[PDB]
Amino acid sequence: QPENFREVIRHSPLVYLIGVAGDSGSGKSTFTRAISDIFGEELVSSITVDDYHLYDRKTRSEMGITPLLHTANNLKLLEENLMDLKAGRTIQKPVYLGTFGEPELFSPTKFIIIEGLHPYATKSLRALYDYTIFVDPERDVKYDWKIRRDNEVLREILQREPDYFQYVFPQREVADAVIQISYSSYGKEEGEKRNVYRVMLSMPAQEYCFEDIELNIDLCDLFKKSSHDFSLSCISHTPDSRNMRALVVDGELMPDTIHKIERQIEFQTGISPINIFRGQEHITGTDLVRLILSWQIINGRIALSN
């Protein structure tokens, strides 16, 4: 008999912890939102590791200390809070805003997303997570998104890079999913123009598949003129001394390629519609990786009931 996500979590008080790590301006929140939208406000609540800064915006500047350092964050208090949450206990947690705010009384939900620079920077913190994601875009893409927001700021970037590699980058080595967005081999311009990027999803050996989850490509449609280009591939690679398989999507696909995937995810979460969260005319690599990631969480939650 097929298994059901909602069946698995109703009978259990188990708190599923999800970590989302990455450098600032790394596009972390686009994935945090994705998980929330897809799973709903009742199942999901999140926390940002920023709430655990030891120093405030002001003092840090005077100390010339950057937030990328571990000793610049209350990682001991975070681990303390997370362990309590897992046990289902309510917690009183700090709150950042550019300064400290009134502490909060945060209470558990079936799914909690811990998003920040060091969600699982230590072995102790790592061992608490049931699912970890690391967002690692290419340098040129990431800094562009920075200018698009903020040369005028070229020092900040290069200045903090060594800290990022020393204190944030390691988490990449122990993440259940690693996402790297780069420029499409169809042009950098397609990046902000149509949000078409060459996205890659890297994951360790798949230990379990609770159900078929298929992408349906019509082999007659792609021959029609006006048909948009796309590339989908999967090849083995060995990042950070570890074996992984990388799914690489590029270009755009017709919405009909993911109708079943969306329907199957909706039925499972009982949250719909979710087609409102992606493009109406064409589906991109980021969109597809968002659904795969989301399905990987359901899968992983069901694998856990077993």
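All residue numbers refer to positions in the sequence shown, first residue = 1.
The entry shows an unbroken chain from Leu158 to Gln159, with no unmodelled residues of the deposited sequence in between. Per the record, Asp150 and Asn151 are separated by 4 to 9 deposited residues that are missing from the model. The question of which stretch, 44-52 or 59-67, has the higher mean Cα B factor is settled in favour of 59-67. The PDB entry records a higher mean C-alpha B factor for 274-282 than for its counterpart among 274-282 and 243-251. Considering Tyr96, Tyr120, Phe169, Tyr131 together, the PDB entry gives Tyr96 the largest C-alpha B factor. If you compare the C-alpha temperature factors of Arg139, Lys146, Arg126, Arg198 in the entry, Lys146 comes out highest. Among all modelled residues in its chain, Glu80 ranks in the highest third by Cα B-factor. Among the modelled residues of the chain, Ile9 sits in the highest third by CA temperature factor in this PDB entry. The deposited CA B-factor of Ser184 belongs to the middle third of values across its chain.
Looking at the C-alpha B-factors along this chain, the one for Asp176 belongs to the lowest third. Split the chain's modelled residues into thirds by C-alpha temperature factor. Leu105 is in the highest one.
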